[PDB]
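Below is one structure, written out as structure tokens, with a few remarks after it.
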Amino acid sequence: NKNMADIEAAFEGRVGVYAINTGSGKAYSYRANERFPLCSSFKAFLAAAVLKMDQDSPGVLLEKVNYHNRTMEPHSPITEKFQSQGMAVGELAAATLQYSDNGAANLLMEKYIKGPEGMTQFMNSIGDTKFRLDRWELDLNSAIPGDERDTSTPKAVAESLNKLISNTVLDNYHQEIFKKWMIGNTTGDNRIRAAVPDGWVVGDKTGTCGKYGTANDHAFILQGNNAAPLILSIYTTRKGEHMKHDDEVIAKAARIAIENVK
């Protein structure tokens, strides 16, 4: 435990890790049941909730969403690009996951998921008793120490991710699309992915609150030959509002987690 304690101390903050090898059951926990801010990491689950709506009602993914006159949230690279002609629901889901698109997240929670409460209800529906989304983008990023709004735990995030890819509420078709989106995420190259051996396929979703040095990443990792996935979930925060987060801390934590469950 010396490695992770030393990393956390030098980070001058809190590091939470949960990892599990879903083939062997070997797990690793470091502050795994403590709460940390979600930041954008909920957007992976939002995309999964949208997939579930489509599984219940085939064709939802292909519905057009029009938002011509909308004031676009900061950091909406995809939804801003396509505002003129709208976007399909599935395109919004891919964009909110793979580019952390804020407009796409709020559009999906305005028109399909029924707000942060609906997002929380989806997570409750898969047995996650820790997840809570309370606010919209970008207010949910305030990351105020001690505030449990818009938080979960590393373990709950890991367990819920595993449920979405192990035949619980998503069928094979919808799991395959979810996995494709995660594998195609564009924002995680310097976090969990930086610790993963060449050839192992990684799907992940990051979060970066921009306050209190708060950042995170969660992922499935496929060692190959259809081995059961490793699940990694890494959350961080710091005491001072203007402290920076540290991608290298998340990558170092990931290396230790992988070593301890592989």
Side-chain angles (χ1 to χ4, degrees), residues 1-22 25-45 100 128-133 140-162 185 187-197 200 202-210 212-221 229-247 249-261:
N1 187 76
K2 192 181 188 293
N3 45 20
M4 190 75 69
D6 288 344
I7 289 164
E8 184 178 56
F11 172 65
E12 304 191 10
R14 272 211 300 147
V15 179
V17 180
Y18 185 77
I20 180 163
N21 185 327
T22 67
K26 190 173 187 8
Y28 171 75
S29 296
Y30 189 95
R31 297 192 198 287
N33 303 120
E34 296 189 26
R35 288 186 178 273
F36 294 79
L38 286 157
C39 314
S40 283
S41 67
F42 78 94
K43 288 169 181 159
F45 296 109
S100 219
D128 187 326
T129 71
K130 301 290 190 166
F131 181 102
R132 49 181 297 185
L133 199 73
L140 65 89
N141 296 287
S142 45
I144 295 159
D147 191 351
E148 299 190 342
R149 294 178 298 174
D150 309 297
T151 62
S152 190
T153 74
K155 187 167 171 185
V157 168
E159 291 185 334
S160 287
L161 170 55
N162 188 46
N185 184 46
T187 63
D189 290 353
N190 300 130
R191 294 182 183 175
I192 290 167
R193 286 172 194 268
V196 172
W200 289 8
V202 185
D204 85 293
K205 174 77 195 85
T206 59
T208 305
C209 276
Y212 290 100
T214 298
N216 56 63
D217 196 23
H218 66 280
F220 61 84
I221 298 164
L230 315 184
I231 310 298
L232 254 68
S233 178
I234 300 168
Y235 285 68
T236 68
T237 201
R238 304 187 55 195
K239 284 153 168 287
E241 182 182 345
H242 298 290
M243 296 178 178
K244 309 176 59 149
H245 69 270
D246 195 335
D247 293 337
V249 166
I250 294 176
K252 281 171 174 185
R255 272 154 210 144
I256 292 168
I258 291 165
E259 184 66 12
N260 296 345
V261 304

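The residues of the chain are indexed from 1 along the displayed sequence.
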Quiz prompt | Heavy-atom pair with the smallest gap, counting every atom of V249 and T236 | solution = CG1-CG2, 4.4 Å
Quiz item: Taking C-beta and beyond as the side chain, do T237 and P145 meet within less than 4.5 Å on heavy atoms?
Solution: no
Quiz item: Which atoms form the tightest heavy-atom contact between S40 and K205, and what is the distance?
Solution: O-CE, 3.4 Å
Practice problem: State the CD-CG distance between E8 and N1, to the nearest 0.5 angstrom. | Solution: 9.0 Å
Exercise. Identify the heavy atoms of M4 and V17 that sit nearest to each other, and give their distance.
Key: CE-CG2, 3.9 Å
Quiz prompt | Spatial distance of atom CD1 (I250) from atom CZ (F11) [nearest 0.5 Å] | solution = 7.5 Å
Quiz item: Taking C-beta and beyond as the side chain, do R149 and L140 meet within less than 4.5 Å on heavy atoms?
Solution: no
Quiz item: Are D204 and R193 close enough for a salt bridge, meaning some N to O gap below 4.0 Å?
Solution: yes
Self-check item: Shortest non-hydrogen separation from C39 to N141 and the atoms involved
Solution: CA-OD1, 3.6 Å
Quiz prompt | Any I192 side-chain heavy atom under 4.5 Å of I221 side chain | solution = yes
Quiz item: Do you know the tightest heavy-atom contact between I231 and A158?
Solution: CG2-O, 3.5 Å
Quiz item: Any side-chain heavy-atom pair from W200 and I258 closer than 4.5 angstrom?
Solution: yes
Exercise. Output, in order, the C-alpha distance, side-chain angles, deciding distance and verdict of side-chain contact (heavy atoms from CB on, under 4.5 Å) for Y28 and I256.
Key: CA-CA 9 Å; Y28 171 75; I256 292 168; 4.1 Å; yes
Self-check item: Residues in ring-ring contact (aromatic ring centres under 6.0 Å, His included) contact with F45, at least two apart in sequence or another chain
Solution: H218
Self-check item: Side-chain touch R132/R35, heavy atoms, less than 4.5 angstrom
Solution: yes
Self-check item: Nearest atoms (heavy-atom pairs only) where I144 meets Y212
Solution: CA-CE1, 4.0 Å
Practice problem: Drop me the distance from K252's NZ to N3's CG, to the nearest 0.5 angstrom. | Solution: 11.0 Å
Quiz item: What is the distance from atom OG of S100 to atom CZ of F42, rounded to the nearest 0.5 Å?
Solution: 8.0 Å
Quiz item: Do the side chains of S41 and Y235 get nearer than 4.5 Å, heavy atoms only?
Solution: yes
Quiz item: How many angstroms lie between NZ in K130 and OG1 in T151, if you round to the nearest 0.5 Å?
Solution: 9.5 Å
Quiz item: Should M243 and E12 count as side-chain neighbours, where that means a heavy-atom distance under 4.5 Å?
Solution: no
Quiz item: Can you name the one residue among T206, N216, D217, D247 that meets side-chain hydrogen bond (donor to acceptor under 3.5 Å, both in side chains) with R191?
Solution: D247
Exercise. Taking the side chain as every heavy atom from C-beta outward, state whether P229 and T22 have any atom pair closer than 4.5 Å.
Key: yes
Quiz item: Considering residues at least two apart in sequence or located in another chain, which fulfil the side chain to side chain contact (heavy atoms under 4.5 Å, CB included) criterion with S29?
Solution: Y18, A32
